[PDB]
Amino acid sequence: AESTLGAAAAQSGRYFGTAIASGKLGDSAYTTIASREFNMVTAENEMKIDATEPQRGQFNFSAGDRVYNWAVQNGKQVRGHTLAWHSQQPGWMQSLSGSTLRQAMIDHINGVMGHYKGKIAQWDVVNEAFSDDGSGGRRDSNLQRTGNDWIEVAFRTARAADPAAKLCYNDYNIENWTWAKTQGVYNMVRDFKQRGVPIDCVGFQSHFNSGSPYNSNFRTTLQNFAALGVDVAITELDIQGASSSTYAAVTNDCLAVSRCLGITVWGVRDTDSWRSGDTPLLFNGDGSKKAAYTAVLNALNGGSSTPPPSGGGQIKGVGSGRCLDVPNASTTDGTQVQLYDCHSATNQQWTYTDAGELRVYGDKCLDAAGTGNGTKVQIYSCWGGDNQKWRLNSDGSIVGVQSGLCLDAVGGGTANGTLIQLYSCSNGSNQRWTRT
């Protein structure tokens, strides 16, 4: 069922999940997308420490169970997040230190895992235990001050609480191999394995942005941890800008590492993101698929069996043999595009950007002046509107992000001068394109 992220991921034995927020489950648009696209669920906040143990010794699973029930009800496995962490600790825990904190950490793990015993596929036992100062050492928190062995203790406690769950160490900024933090985490997991400390996986949050950009060496990082005898998972994926290339690259990295169990993006729609300003997810506020959604789906499905048009190129219609053409090489905003004999001309060289735009002349964009059938497809100053974003379907169709409509050669026309419009996708030859 290569039409959804989860089903496509399953074609390689992997899963594709998202972070679910219980307060959004009543939003039909939200749940429709969530239930359809993912087969793995992580509670975005409902299973955290402050949410599960409001007061010392007083557990509360109402919020967590809403997420859990929704997941199982809709056929999804669940990643528990998270048992031990320095952040978002309830007030009573923040006031703790030393052995009292250590026992509280232990009691919390037992309580929460006990409640979900045998129902959780993966547990992020310890979250973000390493520093960002740049040296790759432990993060100084009340937990770390109880003793360096707190992490090991948390894992030994978790294994005993629920031996059916895969135990993961989860963290961010550990994707680039050259980072000290990545290496500090590697050394710890290696040590655990060497000493029989029970740890089954390492979760790479994968929160990519210009401050901590994705880097191709991520594949070696995954390979390096996998070699230690642990599974690896991309746990909180989101990319600032939602670059199609970066999203596909990360997906391909996981598909290249047999031990990479799957990918979870941190949210459903950009508006649901903890960093919405970065529009880093696969669906926009409207609930529509972004250019990145298609890049990911295509990567999961193996991608095109030929070299993608790097540095721009022509877009030739299959049912007409003619290329996408801007009339008379005009640069006037509002000029509807047409079909025309292909040739070496700037007014026929289109470049698909990572943001999903189809640019010509360098700063002009394939633009749709509306969202319904017949809408004129023209060129307009590039600005990033969804009516300027396109998805390149593997079936050769090019769909408008905002409209969900396909580029369509009017009346099935095939001769030069044939104009281009938007139209309900029909899988027709006049809606199919082969690039060059």
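Start at 1 with the first residue shown and count on from there. We call the rigid core whatever largest set of C-alpha positions still superposes within 1.5 Å between the two forms.
Fitting each structure in 5 other deposited structures of this protein onto the rigid core and averaging C-alpha distances over structures and residues, 135 to 143 emerges as the more displaced of 135 to 143 and 78 to 86.
After superposition on the rigid core, the larger root-mean-square Cα deviation in 5 other deposited structures of this protein belongs to 295 to 303, not to the other of 146 to 154 and 295 to 303. Across the other PDB entries of this protein whose models span the neighbouring residues, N224 is modelled without exception, so it is unmodelled in far fewer than a third. Of the other entries compared for this protein that flank it with modelled residues, a third or more give no atoms for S310.
With 250 to 258 and 316 to 324 compared on mean CA B-factor from the PDB entry, the stretch scoring higher is 316 to 324. As recorded in the PDB entry, 386 to 394 is the stretch of 32 to 40 and 386 to 394 with the greater mean C-alpha temperature factor.
If you compare the C-alpha temperature factors of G277, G211, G303, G91 in the entry, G303 comes out highest.
Per the deposited coordinates, the residue with the largest Cα temperature factor out of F218, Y293, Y361, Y172 is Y361. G23 sits in the middle third of its chain by CA B factor, as recorded in the PDB entry. For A51, the recorded CA B-factor ranks within the middle third of the chain. Only modelled residues enter the ranking.
The deposited CA B-factor of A7 belongs to the lowest third of values across its chain. Among all modelled residues in its chain, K117 ranks in the middle third by Cα B-factor. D149 sits in the middle third of its chain by CA B factor, as recorded in the PDB entry.
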